[PDB]
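Please read the structure below before turning to the comments.
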Amino acid sequence: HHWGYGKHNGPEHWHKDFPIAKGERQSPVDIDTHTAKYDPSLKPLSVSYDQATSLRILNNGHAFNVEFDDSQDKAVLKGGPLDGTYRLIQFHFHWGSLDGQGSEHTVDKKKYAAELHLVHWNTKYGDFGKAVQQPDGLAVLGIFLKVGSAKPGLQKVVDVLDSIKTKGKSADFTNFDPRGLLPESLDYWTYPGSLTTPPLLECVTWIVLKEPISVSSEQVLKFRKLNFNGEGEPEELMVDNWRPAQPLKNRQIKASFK
Ligand SMILES: CCCSc1c(F)c(F)c(S(=O)(=O)NC)c(F)c1F
Ligand code: NA
Ligand code: NA
Ligand SMILES: [Zn+2]
């Protein structure tokens with residue numbers, strides 16, 4: 001009876017195994033764009049993905065992860081609200097059963113069809129597993145997806161999904177360029193928060209881009225043909241793998257833009 005996204009083991013249950021679910025800096029949150037504080041001293045975000053090395057794509061039973069070689073400073077995030085250098089380890093998405101829901105963060109209570117999370121760890125701490133135990137261990141770049149025109153830089157990911165349909169499947173995934181998933185503007189909101197799946201550790205500086213990317217209905221339909229179950233177990237479509245907005249508590253969301 002492990003955690004997942006249903007009536008009996010979904011987000012409202014997670015606090016029984018992970019009590020930090022009711023903690024003081026949990027994610028996601030609703031971003032109130034009118035009450036976000038413009039901070040004219042926030043720097044532009046530096047996304048340096050030219051040398052990125054993807055390796056593999058994996059269905060972990062919760063989402064699919066595109067994994068990168070993070071054994072050298074090859075794909076890094078810095079600047080923005082960050083001190084120090086954070087290495088890209090993987091990205092994944094959260095999405096809905098319908099185009100009207102799927103994102104974890106919301107903007108003035110608006111839900112997007114999906115949300116991309118590019119996960120990075122602070123080189124300070126030497127690897128991802130040590131970094132998640134630190135309050136400034138991770139920087140997650142969050143990008144909303146709306147349904148409209150196709151994102152051509154997403155199609156290599158969508159086309160491989162049929163090979164990792166079920167939990168525990170993986171496939172080689174080299175030479176994928178994550179710059180193809182970025183919108184034109186790097187204007188962002190930022191706040192201190194947490195992982196949005198168990199263990200829900202409060203180790204994340206969240207950086208949420210204001211501009212969504214558009215993907216087609218066909219692209220997101222393909223995400224919804226994945227499965228949460230293993231091969232030869234009964235079919236449960238991988239849809240609605242998002243945690244809803246959590247209380248902001250004693251936090252201020254800062255904006256890089258007016
Ligand atoms: C061993 C490498 C896995 S790194 C990972 C992940 F797989 C994940 F799902 C989330 S999330 O809580 O689901 N989105 C915030 C993360 F934050 C992560 F950092
Ligand atoms: Na190279
Ligand atoms: Na690692
Ligand atoms: Zn995520």
Side-chain angles (χ1 to χ4, degrees), residues 3-6 9-12 14 27-31 54 57-67 90-119 140-155 157-171 173 176 178 180-183 193-198 200 204 206-229 235 237-246:
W3 71 268
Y5 291 94
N9 65 351
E12 64 279 23
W14 295 351
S27 286
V29 300
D30 181 54
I31 307 159
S54 55
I57 190 170
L58 170 65
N59 178 337
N60 66 16
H62 301 289
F64 63 86
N65 287 10
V66 174
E67 291 167 351
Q90 55 93 339
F91 71 78
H92 58 276
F93 299 83
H94 308 261
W95 59 87
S97 59
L98 304 148
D99 298 348
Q101 63 194 41
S103 65
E104 293 207 304
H105 293 89
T106 54
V107 179
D108 299 330
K109 306 288 175 128
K110 169 182 172 67
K111 299 171 167 75
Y112 292 84
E115 186 173 328
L116 166 62
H117 287 161
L118 296 130
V119 179
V140 183
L141 176 61
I143 298 179
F144 298 117
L145 280 65
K146 67 181 180 171
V147 171
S149 67
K151 192 73 172 172
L154 179 65
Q155 191 66 29
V157 173
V158 164
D159 277 338
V160 79
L161 301 172
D162 78 285
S163 79
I164 58 152
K165 181 179 198 195
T166 45
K167 180 185 182 206
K169 302 200 72 183
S170 65
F173 204 65
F176 180 73
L181 298 176
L182 302 179
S194 67
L195 297 172
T196 67
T197 50
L200 301 171
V204 184
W206 274 97
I207 300 169
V208 178
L209 293 196
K210 167 202 83 322
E211 181 175 3
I213 58 169
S214 308
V215 300
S216 63
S217 51
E218 291 96 345
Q219 289 183 314
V220 68
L221 283 163
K222 287 186 188 164
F223 286 13
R224 306 185 183 122
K225 295 176 112 211
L226 297 163
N227 279 193
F228 283 129
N229 57 275
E235 190 174 32
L237 286 186
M238 181 177 285
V239 295
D240 295 317
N241 57 348
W242 53 273
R243 189 186 197 196
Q246 300 301 308

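Values below: all heavy atoms of this structure, side chains included; hydrogens, waters and symmetry mates excluded. This chain uses plain numbering: 1 for the first residue, then up along the sequence.
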[Y] side chain reached by [X] side chain, heavy atoms, under 4.5 Å:
X	Y	value
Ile31	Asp108	no
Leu237	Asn227	yes
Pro11	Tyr5	yes
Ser216	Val147	no
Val208	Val107	no
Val220	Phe93	no
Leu226	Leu161	yes
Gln101	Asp240	yes

Should the pair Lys146 and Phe144 be classed as cation-pi, given the thresholds of under 6.0 Å to the six-membered ring centre and 45° from the axis?
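Not satisfied by the 6.0 Å and 45° rule.
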
Could you tell me which non-hydrogen atom of [X] sits nearest to which non-hydrogen atom of [Y], and how far apart they are?
X	Y	result
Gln219	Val158	O-CG2, 3.9 Å
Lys109	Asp30	N-OD1, 2.8 Å
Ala245	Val29	CB-C, 3.9 Å
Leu195	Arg243	O-NH1, 4.2 Å
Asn59	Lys165	ND2-O, 3.1 Å
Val119	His92	CG2-CE1, 3.8 Å

Distance, nearest 0.5 Å, that separates [atom1] of [X] from [atom2] of [Y]:
X	Y	atom1	atom2	answer
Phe91	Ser54	CZ	OG	8.0 Å
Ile213	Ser149	CD1	OG	9.5 Å
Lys151	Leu116	NZ	CG	10.5 Å
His62	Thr197	NE2	OG1	7.5 Å
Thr106	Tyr112	OG1	OH	10.0 Å
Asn65	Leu58	CG	CG	6.0 Å

Verdict with supporting geometry, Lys111 and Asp99, salt bridge (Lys or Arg N to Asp or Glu O under 4.0 Å)
CA-CA 9 Å; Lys111 299 171 167 75; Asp99 298 348; over 6 Å; no

Under a 3.5 Å threshold, yes or no: a donor from one side chain and an acceptor from the other, between [X] and [Y]?
X	Y	value
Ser27	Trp206	yes
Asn229	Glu235	no
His94	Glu115	no

Report the C-alpha separation of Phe173 and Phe64 in whole Å, then their side-chain angles, then the decisive distance to 0.1 Å, and conclude whether the ring-ring contact (aromatic ring centres under 6.0 Å, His included) test is met.
CA-CA 12 Å; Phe173 204 65; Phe64 63 86; 9.0 Å; no

Heavy-atom donor-acceptor pair, [X] side chain to [Y] backbone, under 3.5 Å:
X	Y	answer
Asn241	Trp95	yes
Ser194	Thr196	no
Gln246	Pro244	yes

Would you check if the distance from the ring center of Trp3 to the ring center of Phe228 is below 6.0 Å?
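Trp3 vs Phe228: aromatic centres not under 6.0 Å.
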
Could you go through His117 and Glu104, starting from their C-alpha distance and side-chain angles, then the distance that decides it, and tell me whether this counts as side-chain contact (heavy atoms from CB on, under 4.5 Å)?
CA-CA 10 Å; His117 287 161; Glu104 293 207 304; 3.1 Å; yes

